[PDB]
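**Student:** first piece of the complex, coordinates kept as in the full assembly:
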Amino acid sequence: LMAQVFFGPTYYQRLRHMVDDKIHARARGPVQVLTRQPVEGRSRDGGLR
Amino acid sequence: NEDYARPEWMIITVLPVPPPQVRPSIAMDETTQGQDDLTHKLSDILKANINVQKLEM
């Protein structure tokens, strides 16, 4: 490599927000009863606003 | 405007009541029907209604 590069050991630390604590989808599914508008939240096959 | 907005209809005479879709009672714990707050307010209205009537008799 034509250039010289910085290089060492440095201290990282893992963080919670894992890709399977936010990814999501919704084909159709559960609806509220008060409105039939598709429901709230992730753990419920919810939908987006 | 007479035929749609009448100046003596601004005082409720006979209060309409919404079908249960507007106030579907949520199940308190999937067996106990924790009533939608419209149902309770209508109950208190209906109680005070009858307890107004009975006095003028």
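**Tutor:** On my side now, so go ahead. Numbering: from 1, shown residues only, chains lettered A, B, ... in the order given.
**Student:** going forward, measure contacts and count neighbours with C-alpha atoms only.
**Tutor:** Fine.
**Student:** distance from the chain centre to stretch B:27-37, please.
**Tutor:** Going by C-alpha atoms, centre = their mean, to the nearest Å, the spacing between the C-alpha centre of stretch B:27-37 and its chain's C-alpha centre is 19 Å.
**Student:** contacts for that stretch?
**Tutor:** Stretch B:27-37 is contacted by residues B:23-26 when judged by C-alpha atoms under 8 Å, 6 or more residues apart in numbering or on different chains.
**Student:** DNA strand C follows; place it on the structure:
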DNA sequence: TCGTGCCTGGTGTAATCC
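**Tutor:** Following on from the chains above, DNA strand C is added here:
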């Protein structure tokens, strides 16, 4: 008769119209 048992009602930063 007396306490139980279900049971219903009930409290000691503002800047803008009117």
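**Student:** which element is the most centrally placed residue in chain B on?
**Tutor:** When chain B is reduced to its mean C-alpha position, the closest residue under C-alpha atoms, centre = their mean turns out to be residue B:42, at 3.6 Å. Under the criterion DSSP states H and E, the helix or strand holding residue B:42 is helix B:37-53.
**Student:** tack on DNA strand D:
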DNA sequence: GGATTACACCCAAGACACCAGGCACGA
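**Tutor:** Alright, DNA strand D goes in next:
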């Protein structure tokens, strides 16, 4: 002088919600 009525979007998750006196019913 009073009054109201406003005063960021979206998402995710975890944790918690009845009291006491008032009349009926029974061995």
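**Student:** rewinding a little: does the helix holding residue B:42 come close to DNA strand D?
**Tutor:** No: judged by C-alpha under 7 Å from any atom of the strand, helix B:37-53 makes no contact with DNA strand D; its nearest approach is 11.9 Å.
**Student:** list the buried residues for that helix?
**Tutor:** Along helix B:37-53, these residues count as buried under the neighbour rule (16 or more other C-alpha atoms under 10 Å in any protein chain shown): B:38-39.
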